[PDB]
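**Q** The structure follows.
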Amino acid sequence: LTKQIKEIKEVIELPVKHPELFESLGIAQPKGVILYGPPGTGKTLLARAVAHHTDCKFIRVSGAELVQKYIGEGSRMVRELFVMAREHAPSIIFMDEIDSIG
Amino acid sequence: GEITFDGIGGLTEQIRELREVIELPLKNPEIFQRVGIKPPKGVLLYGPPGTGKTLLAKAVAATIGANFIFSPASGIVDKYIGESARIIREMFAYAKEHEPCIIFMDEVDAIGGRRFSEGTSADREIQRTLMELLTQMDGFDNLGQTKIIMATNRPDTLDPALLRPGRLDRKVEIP
Amino acid sequence: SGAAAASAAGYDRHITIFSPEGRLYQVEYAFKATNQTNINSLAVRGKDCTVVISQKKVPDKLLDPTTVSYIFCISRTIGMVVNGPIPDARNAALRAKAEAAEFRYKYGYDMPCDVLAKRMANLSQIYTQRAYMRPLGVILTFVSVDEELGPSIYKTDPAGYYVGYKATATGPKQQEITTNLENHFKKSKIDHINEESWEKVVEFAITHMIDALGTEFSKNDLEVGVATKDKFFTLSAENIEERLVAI
Amino acid sequence: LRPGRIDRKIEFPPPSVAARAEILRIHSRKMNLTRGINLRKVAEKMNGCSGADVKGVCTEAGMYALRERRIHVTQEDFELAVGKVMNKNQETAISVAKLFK
Amino acid sequence: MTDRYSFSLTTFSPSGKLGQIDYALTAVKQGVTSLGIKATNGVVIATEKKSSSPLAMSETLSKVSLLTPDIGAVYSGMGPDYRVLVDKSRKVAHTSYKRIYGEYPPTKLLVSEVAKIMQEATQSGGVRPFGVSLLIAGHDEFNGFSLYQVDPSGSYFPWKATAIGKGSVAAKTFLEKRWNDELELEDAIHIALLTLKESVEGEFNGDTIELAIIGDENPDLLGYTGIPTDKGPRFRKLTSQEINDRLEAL
Amino acid sequence: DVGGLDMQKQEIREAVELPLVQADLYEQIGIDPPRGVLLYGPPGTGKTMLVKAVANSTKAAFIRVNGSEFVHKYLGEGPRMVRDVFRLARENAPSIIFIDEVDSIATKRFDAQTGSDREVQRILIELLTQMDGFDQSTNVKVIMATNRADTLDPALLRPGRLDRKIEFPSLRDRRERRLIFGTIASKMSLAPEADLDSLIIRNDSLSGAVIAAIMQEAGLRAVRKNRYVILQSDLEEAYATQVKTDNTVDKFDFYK
Ligand SMILES: Nc1ncnc2c1ncn2[C@@H]1O[C@H](COP(=O)(O)OP(=O)(O)OP(=O)(O)O)[C@@H](O)[C@H]1O
Ligand SMILES: Nc1ncnc2c1ncn2[C@@H]1O[C@H](COP(=O)(O)OP(=O)(O)O)[C@@H](O)[C@H]1O
Ligand SMILES: Nc1ncnc2c1ncn2[C@@H]1O[C@H](COP(=O)(O)OP(=O)(O)O)[C@@H](O)[C@H]1O
């Protein structure tokens with residue numbers, strides 16, 4: 001599969017590599033994707049592989065690392081994430097997510 | 001003494017069988033090796049509450065002619081919060097050089113505490129106090145000059161992280 | 001874990017609900033009722049004569065002991081003894097006594113204890129299908145001296161299980177008794193018992209529910225039945241005075 | 001799932017047969033790959049309904065050679081691999097008979 | 001945790017499934033092992049008798065039972081939901097089919113008249129189903145020998161060689177290791193007891209076992225010699241000694 | 001010290017012993033090692049003890065733990081566990097794990113209409129994540145024990161997770177039954193008139209745990225008979241001890 005790639009590097013790298021373009025094209029940068037499909041297809045593969053060829057850094061959170069068993073120990077933890085992004089900007093985040101299940 | 005009195009009521013086959021469970025490995029145990037088997041390093045005595053077994057184990061080791069000592073598992077964790085397991089090893093060394101001898105210790109379900117209920121480094125006492133127990137009883141070699149007894153009401157509440165497989169091998173209910 | 005998910009998640013108050021273990025529990029809770037008297041009967045075969053024995057307790061003095069009895073002469077050639085509370089014994093006794101009859105009105109002879117344990121047990125099943133009725137908290141024994149089979153004992157429980165034993169007891173104290181005649185049979189390898197007279201076979205069955213029961217018995221604490229061809233009836237008190245004199 | 005948080009999304013389906021052929025060449029780049037192979041066929045003998053079950057196959061094939069102490073393989077050492085991931089998935093949990101049409 | 005779509009029957013869950021049937025089929029798998037397999041010239045039906053106490057005469061009650069001379073059965077699971085079933089099954093031959101066709105029925109039309117006696121009790125609350133199963137097996141003269149299963153749901157899967165109860169898959173694993181296409185009855189019979197020597201404990205004699213056959217007519221069981229065409233039964237329960245020699249031939 | 005059980009042993013020597021002391025094997029061929037395995041089959045069968053021996057030869061570390069411990073009532077007090085051990089099972093590498101029960105917390109479910117059972121998925125999905133996500137390679141951690149294998153999630157059986165099913169006897173394996181008796185007996189001293197061939201076929205169902213419950217009831221009464229040596233007749237009173245039909249506790253009241 002390679003067509004799938006072309007959408008990633010269209011959203012990820014172009015607003016980072018040289019985004020003067022969008023100011024000519026008169027639209028808004030994008031800010032995320034999501035990727036679905038059965039297991040055993042190679043989706044968590046790709047995010048390991050995207051790291052090699054970024055030039056921008058990388059963050060990873062399997063689900064269930066957020067939870068910390070107290071009331072707000074979790075929602076303090078997400079916020080402790082994003083601030084660690086901005087100072088280290090630019091940055092990418094990768095997430096298996098079921099905290100947002102339900 | 002080797003001739004001591006034990007004549008309270010209630011129970012006969014128990015005092016009859018512990019005599020089997022515990023006498024022979026102490027008096028002339030040079031046979032358990034050449035026959036082949038390994039004797040039991042330890043024992044457990046479970047049942048319902050309100051039964052008067054503290055005096056029982058106090059008694060039957062006294063008629064047999066064994067040096068008996070007994071300590072609850074409360075003061076070792078009540079008086080001594082974070083200076084406990086020092087007492088354990090001393091309780092054996094003292095017990096060693098006075099070989100042979102029997103142990104008894106009730107409220108044994110207190111060592112669990114958290115039982116690593118969260119794995120935080122605040123319950124090191126409730127964790128290590130199980131550790132030094134196990135490492136020491138493994139150090140006996142089970143020759144036949146030191147044996148151990150434990151007891152509680154809730155063996156289903158027990159900590160089979162150890163004391164189940166081969167340490168407190170023989171489990172014995174009571175009527 | 002056994003009944004923990006039972007006592008919490010229903011499964012113990014409706015009859016017609018299975019548990020994921022497969023077990024339904026209501027009928028499995030009926031049997032606790034059978035032992036609510038602390039009573040313990042017995043039954044054995046003969047060459048042609050059958051017997052059943054029961055305690056008959058010594059409560060407060062005001063009773064009239066002629067009527068306290070768990071031995072119900074159903075029809076002729078038939079009889080039964082219960083294990084459980086009295087009221088839930090009658091409704092089984094009476095649903096029968098009007099059932100042997102219509103047979104004899106509709107088929108031309110008297111029922112055996114075979115059918116009478118298959119019929120009444122073909123009903124206690126039904127009442128564990130529908131919600132007509134709480135299953136009767138009993139377990140009841142039958143006796144007879146049949147023409148085609150000889151002596152015969154049968155037994156029935158609130159589910160519907162029925163088998164014709166060779167000898168048996170029941171109540172809170174089966175293990176003690178049952179061993180004190182299971183071992184007896186492997187001695188001799190006779191499904192029945194000797195001592196032709198219905199007299200002499202009683203004293204066999206008394207003494208086995210003395211040594212293995214746990215005490216000594218008078219004439220008043222007992223009540224005893226018997227089955228012989230053409231009849232079923234109850235008895236007098238001298239049969240033990242003509243025991244201990246011999247011993 | 002709104003735009004403003006995830007502006008597009010992706011479907012990763014399981015592959016075609018001609019699709020899978022390239023998945024094996026990459027997993028087999030370090031295997032020895034004796035000559036007379038048509039691994040455009042092995043895909044067709046068993047559609048790997050995943051895209052990673054094959055990663056066990058190309059592994060599983062070499063495992064035979066290990067047992068024999070051979071280093072290399074041929075087509076045969078693949079043609080039995082399909083016997084394990086596919087058939088033993090149908091002979092894994094299809095073992096009821098009670099069912100309802 | 002519970003499910004709140006299982007305490008009752010008329011309720012669907014989001015997977016489009018019903019509650020209590022799924023557990024009744026577990027009430028049998030917890031029960032004893034019983035079976036019946038097939039042959040070219042007959043059918044066999046077997047099970048054992050896990051006699052509870054030693055004092056229970058294990059002969060006054062038959063796992064196996066006759067429905068018509070050409071048709072017999074056996075259960076696996078609960079008992080009282082068997083002898084209450086058959087007593088209203090064999091009737092239905094004598095009520096729905098016989099009296100308006102003269103003769104006893106085929107083997108599958110009997111099953112249809114069982115399985116709705118099984119399905120009347122899974123359509124209205126206030127009725128537990130029959131926590132049992134069945135293996136009906138018989139014969140007739142346009143489709144031939146047969147074998148049939150009957151679950152509590154009212155479905156009747158047919159079969160060739162099968163078993164049920166706790167010791168099922170161990171047995172079903174074994175049949176096709178021994179089963180064929182052209183097999184004969186007296187060859188298909190010692191199979192169906194060496195199948196049962198594995199799913200057992202303790203004693204393995206005629207007084208802890210009982211089974212059946214189907215075959216050619218057994219007119220000696222018939223009783224009324226003198227008619228040319230009324231060939232008698234086709235179903236006979238093998239006595240103890242008739243079994244208790246075959247084991248010593250094995 | 002173990003009994004017999006020859007080919008079952010042979011397969012984990014392939015899966016576990018080789019990848020820790022031999023790796024050029026798996027490299028030059030053009031593959032990667034298999035990750036862990038599972039050991040299905042009825043209990044009292046030497047599963048756990050085998051895995052202990054495996055450590056004892058290869059000298060590597062060992063972590064024993066039970067699956068009913070990962071479950072916990074405080075939210076997130078479980079997946080902290082499953083992630084904590086790996087944080088150290090790497091540290092003391094090379095290392096492996098045994099789990100004497102995982103069918104408890106592992107079974108297919110069509111959906112969760114509940115809050116508690118949803119966390120059981122949060123348990124598992126981290127376990128399934130740690131092996132497959134980026135990590136080290138010397139761990140061969142997972143050795144899933146159980147009593148059956150017809151219940152697990154095939155998403156746990158995705159090749160890469162587990163690829164070596166393993167099976168052990170249940171009963172009727174007279175060969176594997178007799179074979180252990182000599183081994184345990186090889187430890188003990190017996191008289192020559194002490195034959196055990198009377199014992200094997202007399203049974204119809206037992207296991208490998210009971211036999212030790214028999215031997216340590218066989219060679220226990222000799223000393224009660226104050227003899228330096230055992231005889232035969234002590235034995236026959238044991239096979240009744242570790243036999244069937246101790247007591248019909250609730251055998252009849254269950255269904256009927
Ligand atoms: N096209 C491919 N090239 C190489 N490997 C592949 C490919 N497709 C699948 N795989 C294999 O599939 C596995 C990865 O599976 P995948 O990452 O899709 O599951 P996952 O995304 O980890 O599931 P989840 O994220 O829900 O835990 C790897 O072992 C990889 O070798
Ligand atoms: N069998 C017995 N004989 C005499 N006294 C008994 C007996 N069982 C219990 N007791 C009474 O109960 C008390 C001892 O019970 P205790 O040692 O507290 O039981 P446990 O150690 O299980 O808590 C004493 O006062 C004793 O008199
Ligand atoms: N083949 C065998 N050889 C030696 N011991 C055995 C054998 N099979 C079982 N055992 C005994 O079984 C016990 C361990 O059983 P175990 O493997 O823990 O059961 P499970 O696998 O269900 O946990 C040990 O004490 C061991 O002596």
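Ordering of the structure tokens sets the chain letters (A, B, ...); residue numbers start at 1 within each chain; ligands are numbered from 1 in the order shown.
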Taking the backbone alone, and naming residues the way the document does, which bits of range 12-236 of chain C are strand (DSSP E or B) by DSSP, as a VMD selection string?

**A** chain C and resid 42 to 44 50 to 55 71 to 72 78 to 81 140 to 146 150 to 156 165 167 to 169 222 to 228 231 to 234

**Q** Based on the selection just made, write N, CA and C atoms of those residues as a CSV table (one decimal), in the first residue's frame.

**A**
```csv
chain,number,residue,atom,x,y,z
C,42,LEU,N,-35.9,-45.5,57.8
C,42,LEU,CA,-35.2,-46.7,57.4
C,42,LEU,C,-36.1,-47.6,56.7
C,43,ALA,N,-35.6,-48.5,55.8
C,43,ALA,CA,-36.4,-49.5,55.1
C,43,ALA,C,-35.5,-50.6,54.6
C,44,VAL,N,-36.1,-51.8,54.6
C,44,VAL,CA,-35.4,-53.0,54.2
C,44,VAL,C,-36.4,-54.0,53.6
C,50,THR,N,-41.7,-56.6,54.4
C,50,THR,CA,-41.0,-55.4,54.3
C,50,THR,C,-41.3,-54.5,55.6
C,51,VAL,N,-40.4,-53.6,55.9
C,51,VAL,CA,-40.5,-52.9,57.1
C,51,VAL,C,-40.0,-51.5,56.9
C,52,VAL,N,-40.5,-50.5,57.7
C,52,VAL,CA,-40.0,-49.2,57.7
C,52,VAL,C,-40.2,-48.6,59.1
C,53,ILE,N,-39.2,-47.9,59.6
C,53,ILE,CA,-39.1,-47.4,61.0
C,53,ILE,C,-38.8,-45.9,61.0
C,54,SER,N,-39.3,-45.3,62.1
C,54,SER,CA,-39.1,-43.9,62.3
C,54,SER,C,-39.1,-43.6,63.7
C,55,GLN,N,-38.4,-42.5,64.1
C,55,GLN,CA,-38.5,-41.9,65.4
C,55,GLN,C,-39.8,-41.2,65.5
C,71,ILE,N,-46.3,-42.0,59.1
C,71,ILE,CA,-46.6,-43.3,58.4
C,71,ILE,C,-48.0,-43.2,58.0
C,72,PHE,N,-48.2,-43.2,56.7
C,72,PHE,CA,-49.6,-43.1,56.1
C,72,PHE,C,-49.9,-44.3,55.3
C,78,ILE,N,-49.7,-51.0,50.1
C,78,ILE,CA,-48.9,-49.9,49.8
C,78,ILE,C,-48.8,-49.1,51.1
C,79,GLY,N,-47.7,-48.3,51.2
C,79,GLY,CA,-47.5,-47.4,52.3
C,79,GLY,C,-46.4,-46.5,52.1
C,80,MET,N,-46.3,-45.5,52.9
C,80,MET,CA,-45.3,-44.5,52.7
C,80,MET,C,-44.9,-43.8,54.0
C,81,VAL,N,-43.7,-43.3,53.9
C,81,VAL,CA,-43.1,-42.5,55.0
C,81,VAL,C,-42.4,-41.3,54.5
C,140,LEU,N,-39.7,-38.7,49.9
C,140,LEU,CA,-40.6,-39.7,50.5
C,140,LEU,C,-40.3,-41.1,49.9
C,141,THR,N,-40.6,-42.1,50.8
C,141,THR,CA,-40.4,-43.5,50.6
C,141,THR,C,-41.7,-44.2,50.4
C,142,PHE,N,-41.7,-45.2,49.6
C,142,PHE,CA,-42.8,-46.1,49.4
C,142,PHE,C,-42.4,-47.5,49.7
C,143,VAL,N,-43.4,-48.4,49.9
C,143,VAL,CA,-43.2,-49.8,50.2
C,143,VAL,C,-44.4,-50.6,49.7
C,144,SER,N,-44.2,-51.9,49.5
C,144,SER,CA,-45.2,-52.8,49.0
C,144,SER,C,-44.7,-54.2,49.0
C,145,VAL,N,-45.6,-55.1,48.8
C,145,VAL,CA,-45.3,-56.5,48.6
C,145,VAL,C,-46.1,-56.9,47.4
C,146,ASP,N,-45.4,-56.9,46.2
C,146,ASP,CA,-46.1,-57.1,45.0
C,146,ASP,C,-46.2,-58.5,44.6
C,150,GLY,N,-42.4,-59.2,44.2
C,150,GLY,CA,-42.1,-59.5,45.6
C,150,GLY,C,-42.0,-58.2,46.3
C,151,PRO,N,-41.2,-58.1,47.4
C,151,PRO,CA,-41.0,-56.9,48.1
C,151,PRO,C,-40.4,-55.8,47.1
C,152,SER,N,-40.5,-54.6,47.5
C,152,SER,CA,-40.1,-53.5,46.7
C,152,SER,C,-40.1,-52.2,47.5
C,153,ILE,N,-39.0,-51.5,47.4
C,153,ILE,CA,-38.9,-50.2,48.0
C,153,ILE,C,-38.7,-49.2,46.9
C,154,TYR,N,-39.2,-48.0,47.1
C,154,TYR,CA,-39.0,-46.9,46.1
C,154,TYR,C,-39.0,-45.6,46.9
C,155,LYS,N,-38.6,-44.6,46.1
C,155,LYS,CA,-38.1,-43.3,46.7
C,155,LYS,C,-38.3,-42.3,45.7
C,156,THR,N,-38.5,-41.0,46.1
C,156,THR,CA,-38.9,-40.0,45.3
C,156,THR,C,-38.4,-38.7,45.9
C,165,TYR,N,-34.5,-48.9,45.6
C,165,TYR,CA,-33.4,-49.4,46.4
C,165,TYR,C,-33.7,-50.8,46.9
C,167,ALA,N,-32.4,-51.4,50.1
C,167,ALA,CA,-32.4,-51.0,51.5
C,167,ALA,C,-31.9,-49.6,51.6
C,168,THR,N,-32.4,-48.8,52.5
C,168,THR,CA,-31.9,-47.4,52.6
C,168,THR,C,-32.4,-46.8,53.8
C,169,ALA,N,-31.9,-45.6,54.1
C,169,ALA,CA,-32.3,-44.7,55.1
C,169,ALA,C,-32.3,-43.3,54.5
C,222,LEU,N,-40.5,-44.5,69.0
C,222,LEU,CA,-40.5,-45.1,67.7
C,222,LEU,C,-42.0,-45.2,67.2
C,223,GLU,N,-42.1,-45.4,65.8
C,223,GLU,CA,-43.3,-45.8,65.2
C,223,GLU,C,-42.8,-46.5,63.9
C,224,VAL,N,-43.5,-47.6,63.6
C,224,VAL,CA,-42.9,-48.6,62.7
C,224,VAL,C,-44.1,-49.2,61.8
C,225,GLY,N,-43.7,-49.4,60.6
C,225,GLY,CA,-44.7,-50.0,59.6
C,225,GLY,C,-44.2,-51.3,59.1
C,226,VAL,N,-45.0,-51.9,58.2
C,226,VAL,CA,-44.8,-53.2,57.7
C,226,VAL,C,-45.7,-53.5,56.6
C,227,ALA,N,-45.3,-54.3,55.6
C,227,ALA,CA,-46.1,-54.6,54.4
C,227,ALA,C,-46.0,-56.1,54.2
C,228,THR,N,-47.2,-56.7,54.0
C,228,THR,CA,-47.3,-58.1,53.8
C,228,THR,C,-48.5,-58.3,52.8
C,231,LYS,N,-52.0,-56.8,52.9
C,231,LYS,CA,-52.1,-55.9,54.0
C,231,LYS,C,-51.0,-54.9,54.1
C,232,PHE,N,-51.2,-53.9,54.9
C,232,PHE,CA,-50.2,-52.9,55.4
C,232,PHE,C,-50.7,-52.4,56.7
C,233,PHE,N,-49.8,-52.2,57.7
C,233,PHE,CA,-50.3,-51.9,59.1
C,233,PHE,C,-49.1,-51.4,59.9
C,234,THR,N,-49.5,-51.1,61.2
C,234,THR,CA,-48.5,-50.7,62.2
C,234,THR,C,-48.6,-51.6,63.4
```

**Q** Near chain D, meaning an atom within 10 Å, which residues of chain A appear when counting only C-alpha atoms? Write them as a PyMOL selection string.

**A** chain A and resi 1+4-5+7-8+11+29-43

**Q** Would you list the contacts of residue 156 in chain F as an NGL selection string, taking every protein, DNA or RNA residue within 7 Å and counting only C-alpha atoms, but skipping same-chain residues closer than 3 positions in sequence?

**A** :F and (128 or 153 or 161)

**Q** If you keep N, CA and C atoms, can you produce a file of those selected residues as a PDB file, in the first residue's frame?

**A**
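Once written, out.pdb looks like this:
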```
ATOM      1  N   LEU F 128      -1.191  -7.142  25.214  1.00  0.00           N
ATOM      2  CA  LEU F 128      -1.034  -7.389  23.794  1.00  0.00           C
ATOM      3  C   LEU F 128      -0.197  -6.305  23.134  1.00  0.00           C
ATOM      4  N   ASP F 153      -8.971 -15.102  22.658  1.00  0.00           N
ATOM      5  CA  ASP F 153      -9.173 -14.225  21.523  1.00  0.00           C
ATOM      6  C   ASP F 153      -8.197 -14.575  20.408  1.00  0.00           C
ATOM      7  N   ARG F 161       2.370 -12.811  18.202  1.00  0.00           N
ATOM      8  CA  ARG F 161       2.055 -12.868  19.624  1.00  0.00           C
ATOM      9  C   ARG F 161       2.359 -14.246  20.189  1.00  0.00           C
TER      10      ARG F 161
END
```

**Q** Neighbouring residues of residue 55 in chain A were defined as those with any atom within 10 Å, considering only C-alpha atoms; residues of the same chain fewer than 2 positions away were excluded. Please report them as a PDB file with C-alpha atoms, in the first residue's frame.

**A**
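Final output, saved to around-v3.pdb:
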```
ATOM      1  CA  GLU A  13       4.801  17.192   6.037  1.00  0.00           C
ATOM      2  CA  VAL A  16       5.763  21.663   8.141  1.00  0.00           C
ATOM      3  CA  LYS A  17       8.123  21.376   5.179  1.00  0.00           C
ATOM      4  CA  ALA A  51       9.579   8.369  12.821  1.00  0.00           C
ATOM      5  CA  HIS A  52      12.581   7.447  10.715  1.00  0.00           C
ATOM      6  CA  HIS A  53      11.739   9.994   8.027  1.00  0.00           C
ATOM      7  CA  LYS A  57      10.130  14.570  16.843  1.00  0.00           C
ATOM      8  CA  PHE A  58       7.690  11.933  17.928  1.00  0.00           C
ATOM      9  CA  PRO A  90       7.139  20.963  16.021  1.00  0.00           C
ATOM     10  CA  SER A  91       5.918  17.563  17.157  1.00  0.00           C
TER      11      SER A  91
END
```

**Q** Tell me, counting only C-alpha atoms, for each residue of chain C within 7 Å of chain E, which pair of atoms is nearest and how far apart they are in Å to one decimal, in rows ordered by chain and increasing number, as a Markdown table.

**A**
```
| residue | atom | partner | partner_atom | distance |
| --- | --- | --- | --- | --- |
| C:16 | CA | E:128 | CA | 4.6 |
| C:17 | CA | E:7 | CA | 6.6 |
| C:18 | CA | E:23 | CA | 6.7 |
| C:19 | CA | E:23 | CA | 7.0 |
| C:20 | CA | E:23 | CA | 5.5 |
| C:22 | CA | E:27 | CA | 4.4 |
| C:122 | CA | E:84 | CA | 6.4 |
| C:125 | CA | E:80 | CA | 6.4 |
| C:129 | CA | E:127 | CA | 5.1 |
| C:130 | CA | E:127 | CA | 5.2 |
| C:131 | CA | E:126 | CA | 6.0 |
| C:160 | CA | E:80 | CA | 5.6 |
| C:161 | CA | E:80 | CA | 6.5 |
| C:163 | CA | E:56 | CA | 6.3 |
| C:164 | CA | E:57 | CA | 5.9 |
| C:165 | CA | E:56 | CA | 4.5 |
| C:166 | CA | E:55 | CA | 5.8 |
| C:167 | CA | E:55 | CA | 6.6 |
```

**Q** Show me which residues are within 6 Å of ligand 2 counting only C-alpha atoms and all ligand atoms, and format the list as a count of residues only.

**A** 9

**Q** Using only C-alpha atoms and all ligand atoms, which of the listed residues (F:26, F:228, F:181, F:110) sits closest to ligand 3?

**A**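 Comparing F:26, F:228, F:181, F:110 against ligand 3, the winner is F:181.
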
**Q** Please determine the contact residues of chain F with respect to chain D at a cut-off of 6 Å, counting only C-alpha atoms, and supply them as a list in words.

**A**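 The selection requested is residues 29, 30, 31 and 159 of chain F.
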
**Q** Generate a file of the selected residues that holds N, CA and C atoms, formatted as a PDB file, in the first residue's frame.

**A**
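This went into part.pdb:
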```pdb
ATOM      1  N   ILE F  29      19.218 -17.637   8.689  1.00  0.00           N
ATOM      2  CA  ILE F  29      18.189 -18.266   7.882  1.00  0.00           C
ATOM      3  C   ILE F  29      17.354 -17.227   7.173  1.00  0.00           C
ATOM      4  N   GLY F  30      17.109 -16.090   7.817  1.00  0.00           N
ATOM      5  CA  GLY F  30      16.382 -14.990   7.213  1.00  0.00           C
ATOM      6  C   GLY F  30      15.074 -14.701   7.905  1.00  0.00           C
ATOM      7  N   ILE F  31      15.023 -14.965   9.202  1.00  0.00           N
ATOM      8  CA  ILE F  31      13.804 -14.887   9.983  1.00  0.00           C
ATOM      9  C   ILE F  31      14.109 -14.191  11.301  1.00  0.00           C
ATOM     10  N   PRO F 159      -0.294 -14.230  14.700  1.00  0.00           N
ATOM     11  CA  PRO F 159       1.100 -14.675  14.636  1.00  0.00           C
ATOM     12  C   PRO F 159       2.086 -13.537  14.821  1.00  0.00           C
TER      13      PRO F 159
END
```
